[PDB]
Amino acid sequence: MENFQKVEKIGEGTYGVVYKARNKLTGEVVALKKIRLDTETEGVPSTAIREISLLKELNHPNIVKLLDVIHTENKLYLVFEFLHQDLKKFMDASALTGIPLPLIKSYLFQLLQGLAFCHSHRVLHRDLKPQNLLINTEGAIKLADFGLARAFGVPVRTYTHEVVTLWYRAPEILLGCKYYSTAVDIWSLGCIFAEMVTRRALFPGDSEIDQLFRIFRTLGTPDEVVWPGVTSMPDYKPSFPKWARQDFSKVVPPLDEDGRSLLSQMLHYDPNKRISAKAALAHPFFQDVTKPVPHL
Amino acid sequence: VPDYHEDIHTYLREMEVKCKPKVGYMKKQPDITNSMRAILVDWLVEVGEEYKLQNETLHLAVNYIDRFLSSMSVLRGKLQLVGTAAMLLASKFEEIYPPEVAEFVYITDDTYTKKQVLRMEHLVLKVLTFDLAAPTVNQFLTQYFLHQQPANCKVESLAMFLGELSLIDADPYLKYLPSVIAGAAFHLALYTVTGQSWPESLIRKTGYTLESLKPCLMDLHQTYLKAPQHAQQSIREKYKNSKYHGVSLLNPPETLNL
Ligand SMILES: O=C1Nc2ccc(S(=O)(=O)O)cc2/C1=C1/Nc2ccccc2C1=O
């Protein structure tokens with residue numbers, strides 16, 4: 001903690017903040033995320049317990065690297081690799097010019113790699129959103145914030161329902177399925193893929209029922225044909241308006257035929273049919289992928 | 001959705017070796033014994049029982065205890081303080097609704113202060129270097145179950161029952177990897193309930209055979225026969241409940257034909 005030179009506040013944890021800092025002796029620039037403790041309360045936050053143990057278990061070029069955990073009685077400091085910016089911010093800075101397919105393709109490709117890795121190690125991120133994705137000046141993009149993550153078993157059992165930011169939350173969670181898995185992270189990625197193209201959140205509802213309907217109006221209201229089992233889910237209602245499926249080229253018009261195929265597979269209603277990150281990596285959409293570079 | 005099953009089974013197989021505690025750490029503990037440890041897990045069983053905790057949380061807790069006691073000698077008056085923190089950490093990791101700190105102080109009828117629980121937590125996290133995602137016998141059993149044609153409520157419950165019995169006796173169970181105890185427990189569960197044996201499909205998946213499981217089967221089968229006479233009885237009581245189809249009431253085979 002002595003050998004660090006804080007550079008500038010950068011973001012906000014829920015029990016701390018994130019600061020850009022530079023290791024005085026090695027010269028390495030890092031990101032410090034301080035977690036507040038203080039005894040006589042509840043001890044170390046379970047979100048930190050999970051974040052640290054799971055993250056230590058995730059070494060991959062597309063997953064932020066946890067360099068160290070400075071553990072003190074008063075507070076707990078997480079030392080991470082540093083990255084220049086996050087995807088939302090970057091998306092805004094492009095809001096007027098747009099994100100070039102090369103970059104969109106490269107970012108999605110990488111993101112699918114980081115996720116396949118998480119899933120290969122039984123880890124559900126459960127909060128993938130543009131703010132939780134970091135990009136550096138080299139064309140790299142990575143999964144960050146493993147604060148809502150959890151180790152899962154095979155098969156899965158019922159986990160926490162209060163999960164995933166509403167805008168990137170999958171139908172099986174919104175409908176109350178008692179078992180949800182890796183497919184929920186794919187849903188998030190499909191929404192982010194869509195978002196990178198058009199530049200504005202695919203389904204920006206403001207309530208669960210509004211989020212569902214905004215989903216139903218794009219992919220159609222699901223039925224036993226398309227998704228065996230819906231009409232039986234806990235939060236399904238036969239009163240649901242029956243919307244017809246909107247042909248995919250209108251959902252993200254600037255998308256080529258490959259993009260459409262990939263996106264459609266990432267947004268499948270039935271979680272057993274929606275493409276896994278592994279399989280997605282082989283999809284034709286990436287045959288021309290490169291690691292271009294950001295626009296900063 | 002079985003696209004990651006094998007990547008995960010392989011990863012847990014690698015980890016169970018890296019997370020495994022020292023086989024003979026007890027022999028080196030100056031103050032505590034296996035007997036005292038047995039009393040500790042037995043107690044954690046009913047504690048997990050009183051609070052409706054996952055069985056997965058019980059197994060984690062025991063893994064943390066054995067790993068902590070692998071590098072730290074503890075006085076008999078502190079064994080319970082370690083087991084309490086280990087249980088609290090397991091719940092913070094595995095539970096959706098982990099009972100709060102006060103519950104954990106309370107269950108010790110104030111044998112320790114909230115302060116002591118919190119500090120032990122901090123200490124245990126350090127000794128384990130925050131490596132809490134350990135593989136357990138429960139994680140393997142749950143996987144071996146998918147190889148049952150068709151599912152068998154009683155077999156599963158009996159397999160879990162046997163797996164849990166192994167948490168209680170460091171000797172001989174600390175000398176087997178969780179994936180192996182799981183195989184023995186599943187076979188013995190299966191055989192007892194249906195007459196069937198370790199599936200052809202599991203040899204392919206795990207690489208284990210009756211022959212490789214035999215050393216463990218022998219022990220587990222023995223623990224099973226002597227279960228009614230064991231000083232610790234919280235697992236048996238537990239598995240009499242309908243939630244587990246009263247399998248702990250079933251009669252264990254005279255022999256296994258091996
Ligand atoms: O460089 C970094 N390293 C990390 C590591 C971990 C996180 S976390 O999402 O708070 O876990 C965030 C960050 C991080 C960040 N770097 C930046 C740069 C500009 C704007 C926002 C962020 C940011 O969140």
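Basis for what follows: all heavy atoms, side chains included, without hydrogens, waters or symmetry-related copies. Here is how names work: the chains are called A, B, and so on, in the same order as the sequence lines, proteins then strands, and each is numbered from 1.
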Between [X] and [Y], is there a side-chain N and carboxylate O pair less than 4.0 Å apart?
X: B/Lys92; Y: A/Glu42; answer: no
X: B/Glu46; Y: B/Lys238; answer: no
X: B/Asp3; Y: A/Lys278; answer: no
X: B/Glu16; Y: B/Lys20; answer: no
X: A/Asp258; Y: A/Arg260; answer: no
X: B/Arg13; Y: B/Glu6; answer: no

Relative to chain A, which segment of [X] carries a heavy atom at a distance below 4.5 Å: side chain, backbone, both, or neither?
X: B/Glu121; result: side chain
X: B/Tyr97; result: side chain
X: B/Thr129; result: both
X: B/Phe130; result: both
X: B/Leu128; result: neither
X: B/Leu132; result: both
X: B/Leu118; result: side chain
X: B/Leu88; result: neither

In terms of heavy-atom pairs under 4.5 Å, which option from [options] contacts chain B the most?
options: A/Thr72, A/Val123, A/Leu54; answer: A/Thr72
options: A/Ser181, A/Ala116, A/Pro271, A/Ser46; answer: A/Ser46
options: A/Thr47, A/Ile49, A/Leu37; answer: A/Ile49

Is there a side-chain contact between [X] and [Y] (heavy atoms, below 4.5 Å)?
X: B/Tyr25; Y: B/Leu174; result: yes
X: A/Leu143; Y: A/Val64; result: no
X: B/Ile8; Y: A/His121; result: no
X: A/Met233; Y: A/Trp227; result: yes

For [X], which atoms come within 4.5 Å of any heavy atom of chain B: side chain, backbone, both, or neither?
X: A/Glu162; answer: side chain
X: A/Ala183; answer: neither
X: A/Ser120; answer: both
X: A/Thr182; answer: side chain
X: A/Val69; answer: side chain

Scored by heavy-atom pairs under 4.5 Å with chain A, the best of B/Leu89, B/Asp131, B/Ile96, B/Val1 is B/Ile96
Heavy-atom pairs under 4.5 Å with chain A are the metric here; pick the option from B/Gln139, B/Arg119, B/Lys114 that has the most. B/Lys114
Which residues from residues 146-156 of chain A are near chain B, with near meaning under 4.5 Å between non-hydrogen atoms? A/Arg150, A/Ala151, A/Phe152, A/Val154, A/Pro155
Are [X] and [Y] close enough that their ring centers fall under 6.0 Å?
X: A/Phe285; Y: A/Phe193; value: yes
X: A/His161; Y: A/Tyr180; value: no
X: B/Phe186; Y: B/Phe140; value: no

Is the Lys NZ or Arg CZ of A/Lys33 less than 6.0 Å from the centre of A/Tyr19's six-membered ring, within 45° of the axis? no
Do other residues, nucleotides or ligands put more than 12 heavy atoms under 6.0 Å from the NZ atom of B/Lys154? no
